[PDB]
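Working notes, beginning with the structure itself.
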Amino acid sequence: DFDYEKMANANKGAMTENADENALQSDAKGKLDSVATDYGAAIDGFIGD
Amino acid sequence: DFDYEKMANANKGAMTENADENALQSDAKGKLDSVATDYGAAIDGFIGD
Amino acid sequence: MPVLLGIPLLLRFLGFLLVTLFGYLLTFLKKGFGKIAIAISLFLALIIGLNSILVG
């Protein structure tokens, strides 16, 4: 009386992680939005000299 | 009398999602086609000044 | 040639973005060739304009 649908849900749990979409998307921006403030600052500081 | 071909179709169902091609392709465009209307608007507004 | 269940859709999508982005570059090219049309027009119009003052 193999529980076909208990082995499956035990293969899954051992070959799957957990991921929050809106947390991997907030870090990415966080790091690319720090290099874009130094690119702007540079440009702005040349037109003021 | 293991139903070889019932366990398979139970491993699949637990490690597979569902995806509509023409819905992941309509959103993408939808977001990239809003930034391209602000790039054009900018250019157009400089040649009119 | 056997493949996993999601690879064929990653390969179709990586050529949708490319055609969309290569589509934008075209739009912008055509705009910049319209600036050189406005510019030429302007110049030749200022010349034809001065003529009409001086000969008067």
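By order of appearance in the structure tokens: chains A, B, ..., then residues from 1 within every chain, and ligands from 1 in the order shown.
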Both chains have the same sequence, so superpose chain B on chain A over all Cα atoms paired in order and return it as a short mmCIF file (atom, residue, chain, number, x, y, z; two decimals) with C-alpha atoms, in the first residue's frame.
data_model
loop_
_atom_site.label_atom_id
_atom_site.label_comp_id
_atom_site.auth_asym_id
_atom_site.auth_seq_id
_atom_site.Cartn_x
_atom_site.Cartn_y
_atom_site.Cartn_z
CA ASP B 1 0.00 0.00 -0.01
CA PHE B 2 2.77 2.37 -1.11
CA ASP B 3 1.54 5.94 -0.60
CA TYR B 4 2.54 7.07 -4.10
CA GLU B 5 1.66 10.62 -3.05
CA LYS B 6 3.79 10.67 0.10
CA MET B 7 7.07 9.65 -1.50
CA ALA B 8 6.62 12.42 -4.10
CA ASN B 9 6.03 15.04 -1.38
CA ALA B 10 9.25 13.74 0.22
CA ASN B 11 11.35 13.94 -2.92
CA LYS B 12 10.20 17.53 -3.34
CA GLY B 13 11.03 18.63 0.22
CA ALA B 14 14.62 17.40 -0.13
CA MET B 15 15.39 18.95 -3.53
CA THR B 16 13.75 22.38 -3.07
CA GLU B 17 14.66 25.63 -1.30
CA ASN B 18 12.56 28.64 -0.31
CA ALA B 19 12.78 32.06 -1.97
CA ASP B 20 11.03 35.41 -1.44
CA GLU B 21 10.69 37.23 -4.78
CA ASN B 22 10.44 40.71 -3.22
CA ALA B 23 13.62 40.17 -1.17
CA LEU B 24 15.95 39.10 -3.99
CA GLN B 25 14.60 42.08 -5.93
CA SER B 26 15.21 44.62 -3.16
CA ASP B 27 18.87 43.70 -2.61
CA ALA B 28 19.75 43.76 -6.32
CA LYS B 29 18.38 47.30 -6.68
CA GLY B 30 20.00 48.30 -3.37
CA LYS B 31 23.49 47.67 -4.79
CA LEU B 32 22.93 49.02 -8.32
CA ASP B 33 21.31 52.17 -6.90
CA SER B 34 24.50 53.08 -5.02
CA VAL B 35 26.72 53.07 -8.13
CA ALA B 36 24.15 55.20 -10.01
CA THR B 37 24.40 57.95 -7.36
CA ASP B 38 28.17 58.16 -7.92
CA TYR B 39 27.76 58.26 -11.72
CA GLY B 40 25.30 61.16 -11.40
CA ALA B 41 27.38 62.98 -8.75
CA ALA B 42 30.38 62.83 -11.13
CA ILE B 43 28.46 64.27 -14.11
CA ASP B 44 26.84 66.98 -11.94
CA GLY B 45 30.23 68.03 -10.51
CA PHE B 46 31.83 68.50 -13.96
CA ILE B 47 29.08 70.87 -15.19
CA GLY B 48 29.58 72.95 -12.02
CA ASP B 49 33.33 73.41 -12.57
#
Counting only C-alpha atoms, which residues of chain C sit at most 9 Å from some atom of chain B, and what is each one's closest atom pair with its distance in Å to one decimal, listed by chain and rising residue number, as CSV?
residue,atom,partner,partner_atom,distance
C:5,CA,B:16,CA,8.4
C:9,CA,B:21,CA,7.7
C:13,CA,B:25,CA,7.7
C:16,CA,B:25,CA,7.9
C:17,CA,B:29,CA,8.3
C:20,CA,B:29,CA,7.7
C:21,CA,B:32,CA,8.8
C:24,CA,B:36,CA,7.4
C:27,CA,B:40,CA,8.7
C:28,CA,B:40,CA,7.4
C:31,CA,B:43,CA,8.2
C:32,CA,B:43,CA,8.7
C:35,CA,B:47,CA,6.9
C:38,CA,B:47,CA,8.5
Test item, alpha helix (DSSP H) assignment across chain B, answer as a PDB file with C-alpha atoms, in the first residue's frame:
ATOM      1  CA  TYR B   4       5.952   2.113 -12.493  1.00  0.00           C
ATOM      2  CA  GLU B   5       4.022   4.642 -14.586  1.00  0.00           C
ATOM      3  CA  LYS B   6       1.946   6.063 -11.729  1.00  0.00           C
ATOM      4  CA  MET B   7       4.816   6.927  -9.421  1.00  0.00           C
ATOM      5  CA  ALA B   8       6.509   8.815 -12.282  1.00  0.00           C
ATOM      6  CA  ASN B   9       3.344  10.839 -12.981  1.00  0.00           C
ATOM      7  CA  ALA B  10       3.331  11.644  -9.247  1.00  0.00           C
ATOM      8  CA  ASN B  11       6.942  12.771  -9.082  1.00  0.00           C
ATOM      9  CA  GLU B  21       4.155  31.621 -22.628  1.00  0.00           C
ATOM     10  CA  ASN B  22       2.013  34.472 -24.002  1.00  0.00           C
ATOM     11  CA  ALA B  23       1.441  35.915 -20.512  1.00  0.00           C
ATOM     12  CA  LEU B  24       5.073  36.134 -19.385  1.00  0.00           C
ATOM     13  CA  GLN B  25       5.789  37.740 -22.761  1.00  0.00           C
ATOM     14  CA  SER B  26       3.040  40.361 -22.500  1.00  0.00           C
ATOM     15  CA  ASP B  27       4.079  41.663 -19.070  1.00  0.00           C
ATOM     16  CA  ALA B  28       7.774  41.964 -19.976  1.00  0.00           C
ATOM     17  CA  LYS B  29       6.951  44.120 -23.009  1.00  0.00           C
ATOM     18  CA  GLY B  30       4.362  46.057 -20.963  1.00  0.00           C
ATOM     19  CA  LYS B  31       7.078  47.372 -18.633  1.00  0.00           C
ATOM     20  CA  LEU B  32       9.833  47.963 -21.215  1.00  0.00           C
ATOM     21  CA  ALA B  36      10.702  53.656 -24.264  1.00  0.00           C
ATOM     22  CA  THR B  37       7.897  56.253 -24.439  1.00  0.00           C
ATOM     23  CA  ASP B  38       9.786  58.476 -21.977  1.00  0.00           C
ATOM     24  CA  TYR B  39      13.066  58.094 -23.904  1.00  0.00           C
ATOM     25  CA  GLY B  40      11.320  59.159 -27.134  1.00  0.00           C
ATOM     26  CA  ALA B  41       9.368  61.984 -25.450  1.00  0.00           C
ATOM     27  CA  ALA B  42      12.677  63.374 -24.129  1.00  0.00           C
ATOM     28  CA  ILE B  43      14.407  63.319 -27.541  1.00  0.00           C
ATOM     29  CA  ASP B  44      11.331  64.804 -29.277  1.00  0.00           C
ATOM     30  CA  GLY B  45      11.118  67.645 -26.721  1.00  0.00           C
ATOM     31  CA  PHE B  46      14.768  68.703 -27.206  1.00  0.00           C
TER      32      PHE B  46
END
Mind giving me the straight-line distance from atom CA of residue 3 of chain C to atom CA of residue 22 of chain C in Å, one decimal?
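Answer for the atom CA of residue 3 of chain C to atom CA of residue 22 of chain C separation: 29.0 Å.
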